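Visitor: This structure is in structure tokens; I'll ask about it shortly.
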DNA sequence: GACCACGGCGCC
DNA sequence: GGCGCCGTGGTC
Ligand SMILES: O=[N+]([O-])c1ccc2c(ccn2[C@H]2C[C@H](O)[C@@H](COP(=O)(O)OP(=O)(O)OP(=O)(O)O)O2)c1
Ligand SMILES: [Mg+2]
Ligand SMILES: [Mg+2]
Ligand SMILES: [Mg+2]
Ligand SMILES: [Mg+2]
Ligand code: NA
């Protein structure tokens with residue numbers, strides 16, 4: 001790309017671009033270039049130059065596509081060396097790291113970024129050649145998904161701003177009641193948001209027993225777990241837990257979200273990061289819309305602020321127990337497979353032992369938590385029960401589901417020999433510490449390693465389903481808005497919502513037939529909370 | 001102003 | 001197990 005040639009570039013060229021800020025819905029496009037065949041082409045006027053491209057091909061392609069969609073241009077993302085690198089090794093998460101590893105330097109200049117995209121793609125493509133399964137994942141899942149995500153990002157989701165504003169004032173008044181009570185009990189005001197100040201008050205001034213210490217600096221912890229244990233030692237504790245809940249939700253959702261509404265769309269626009277996790281899941285940021293509250297009453301009130309466009313409805317679809325079903329398929333356990341083929345339910349079953357949607361959620365931490373290496377001592381204090389018999393409550397699980405333990409053992413042994421583990425579709429995660437000589441490190445690694453094929457296969461299935469579903473939705477005049485790992489949120493014209501729900505449900509359930517059926521629960525509503533029933 | 005480590009905590 | 005964001009106490 002050494003030789004400068006006039007804009008525009010020939011087709012197939014790789015693009016480089018510089019944004020005033022990371023978020024493509026908010027960014028000014030500062031510069032735009034393209035590189036091909038020993039030539040680099042710099043655009044004199046980036047916005048207008050955008051009209052010359054047939055597709056965004058290069059590093060961070062989806063970001064340029066989103067910005068183009070923002071500007072009303074149907075420019076899809078194409079090849080992206082980040083996706084190749086991320087499939088080769090999902091620790092490849094940044095252009096900085098990928099450049100250093102595969103043969104260049106990530107700079108702040110568009111031409112250089114275009115030249116770099118071209119060279120990295122050449123080096124990665126060949127590496128990803130011969131890896132037929134990763135190649136299939138690239139062509140059939142990741143590359144097409146990037147176009148789907150680009151449209152989700154540019155579309156956004158409507159937020160009831162007036163509602164959240166009123167909710168803010170109400171929550172502020174309750175926070176004031178809580179602070180005032182805490183200060184009376186402490187005998188003096190202090191910064192209740194400072195865990196250092198709180199630690200002194202609880203443990204030095206009120207003489208409460210310390211329970212645990214913090215990881216890096218060894219302070220006496222004031223975490224929810226510690227406070228819960230101290231709930232009956234002093235009236236101040238309950239008030240602090242309530243304060244923690246309200247301030248967490250006010251500072252993270254109630255106050256920030258209304259300020260993130262885009263002036264042009266009137267909606268909230270998240271970023272779905274495609275090379276961000278060790279397992280093949282997506283992440284969401286700026287804002288994060290994959291962690292909107294749902295558990296507590298105030299949380300639920302916040303979830304109600306997410307609403308459909310006037311005259312449309314939200315459709316929410318959630319895979320049922322997807323990780324357990326995946327485990328059944330991967331392990332081949334007959335008992336577990338039978339549980340699903342018959343129609344039994346695992347989450348609800350542990351719930352009654354320990355049933356509405358509230359007490360069923362708590363079961364999720366249990367069944368799942370125990371499944372992924374949770375120590376009995378953990379389950380003990382997490383279930384509020386005697387540490388006995390063993391274990392015990394965790395035991396026998398492997399007895400009734402024997403093939404699961406065997407799958408775990410085989411997964412680890414293979415991970416030790418090859419240095420990585422894989423999903424059903426061959427997505428890999430390298431786990432070098434499986435051979436660490438320090439037990440705590442090695443066992444932490446083991447839990448990461450055997451988790452990945454389960455979490456990652458579930459992620460693979462959801463991505464493939466999004467790729468299958470997206471074009472059907474366009475045809476029906478419906479929109480895909482959000483993904484939350486095992487859930488999708490769509491928006492449909494009211495008259496069509498029912499037909500969309502039915503279709504979307506079939507597509508997600510039939511995505512890839514397993515030894516067990518995939519089941520999908522679906523709700524329709526004017527807001528996110530009511531759409532999940 | 002920007003950025004950092006940490007503890008803490010929201011969701012799957 | 002997997003994420004990203006917040007306020008505090010802090011540096012530059
Ligand atoms: O270790 N943990 O504590 C732990 C580990 C994994 C966990 C959770 C809580 C959820 N997951 C995983 C497992 C699932 O893939 C997804 C959660 O999905 P979900 O909340 O919709 O619960 P499902 O298991 O899918 O069942 P459900 O949708 O019918 O309630 O994320 C907790
Ligand atoms: Mg589910
Ligand atoms: Mg779910
Ligand atoms: Mg951290
Ligand atoms: Mg400060
Ligand atoms: Na290559």
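None of the figures in this text is laboratory data; all of them are computed from the coordinates on show. Using ideal geometry, Cβ is built from the backbone for each residue, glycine included, and neighbour counts are taken over all protein chains shown.
Visitor: In what sequence, highest mean first, do A:146-153, A:46-53 appear when ranked by Cβ atoms within 10 angstrom?
Guide: A:146-153, A:46-53
Visitor: What is region A:322-458 by shape, rounded, prolate or oblate, if you read a ≥ b ≥ c off the alpha carbon gyration tensor as root eigenvalues and call it rounded for a/c under 1.5, prolate for a/b larger than b/c, and oblate otherwise? Mind showing how you got there, number by number?
Guide: Values: a/c = 2.01, a/b = 1.34, b/c = 1.50.
In terms of gyration-tensor shape, oblate.
Visitor: Hey, quick one: spin label on residue A:127, modelled 7 Å out along Cα-Cβ, who in region A:1-35 has an amide N within reach, i.e. under 20 Å?
Guide: A:14-15
Visitor: Additional query: Using Cβ counts within 10 Å as a stand-in for footprinting exposure, how do A:347, A:269 rank, fewest first?
Guide: Listed from fewest to most nearby Cβ atoms, that is A:347, A:269.
Visitor: Between residue A:300 and residue A:73, what is the label-point separation in nm under the 7 Å Cα-to-beta-carbon projection?
Guide: The two pseudo-label positions are separated by 4.7 nm.
Visitor: Now, a different point. Post the alpha-carbon centroid distance, region A:268-292 to region A:362-415, in whole angstrom.
Guide: Region A:268-292 and region A:362-415 have Cα centres separated by 29 Å.
Visitor: Using alpha-carbon positions, what is the distance between the centroids of region A:206-238 and region A:127-149, in Å?
Guide: 48 Å
Visitor: Once you have the Cα-Cα distance between residue A:166 and residue A:262, take 0.36 nm times their residue separation minus that, and quote the gain in nm to one decimal. Mind showing how you got there, number by number?
Guide: On the way: separation 96, 0.36 × 96 = 34.56 nm, distance 2.02 nm.
Working it through step by step, the gained length comes to 32.5 nm.
Visitor: Roughly speaking, what is the centre-to-centre gap between region A:460-533 and region A:153-186 when only Cα atoms are used, to the nearest Å?
Guide: If we compute the Cα centre of each part, the gap is 32 Å.
Visitor: Sticking with the crude label model, points 7 Å out along Cα→Cβ, report the distance from residue A:276 to residue A:355 in nm, one decimal please.
Guide: Modelled inter-label distance: 3.3 nm.
Visitor: Among bridges DSSP assigns within region A:1-154, what percent are antiparallel (round to 5)?
Guide: 70 percent
Visitor: Compute the distance in nm between two label points, each set 7 Å from the Cα along the Cα-to-Cβ direction, one at residue A:210 and one at residue A:20.
Guide: According to this spin-label approximation, the distance is 4.9 nm.
Visitor: Shape call for region A:1-154 from the C-alpha gyration tensor, a ≥ b ≥ c root eigenvalues: rounded (a/c under 1.5), prolate (a/b greater than b/c) or oblate?
Guide: Values: a/c = 1.65, a/b = 1.23, b/c = 1.34.
Oblate.
Visitor: Still on this structure: So, by mean Cβ neighbours within 10 angstrom, what's the order for A:59-68, A:240-249, A:437-446 with the highest one leading? Don't jump to the answer; show the numbers that get you there.
Guide: On the way: A:59-68: 26.1, A:240-249: 18.3, A:437-446: 12.8.
By packing density, highest mean first, the sequence is A:59-68, A:240-249, A:437-446.
Visitor: What is chain A by shape, rounded, prolate or oblate, if you read a ≥ b ≥ c off the alpha carbon gyration tensor as root eigenvalues and call it rounded for a/c under 1.5, prolate for a/b larger than b/c, and oblate otherwise?
Guide: Here chain A falls in the prolate category.
Visitor: Then there's this: Hey, what number do you get for chain A at 222 nm if only DSSP H runs of n ≥ 4 count, each worth -39500 (n - 2.57), divided across all residues, to the nearest 500?
Guide: Result for chain A, helices only: -14500 deg cm²/dmol.
Visitor: When DSSP assigns beta bridges and you keep just the ones with both residues in chain A, what percent turn out antiparallel, to the nearest 5?
Guide: Looking only at bridges with both residues in chain A, the antiparallel portion is about 90 percent.
Visitor: Sketch the reach of a paramagnetic label on residue A:4 as a point 7 Å from Cα along Cα-to-Cβ, and name the residues of region A:18-42 whose backbone nitrogen lies under 20 Å away.
Guide: The answer is A:18-19, A:30-42, whose backbone nitrogens lie closer than 20 Å to the label point.
Visitor: Continuing with this model, one more query. Arrange the peptides A:332-338, A:2-8, A:522-528 so that the one whose residues have, on average, the most other Cβ atoms within 10 Å appears first.
Guide: Highest-to-lowest ranking by the protection proxy: A:522-528, A:332-338, A:2-8.
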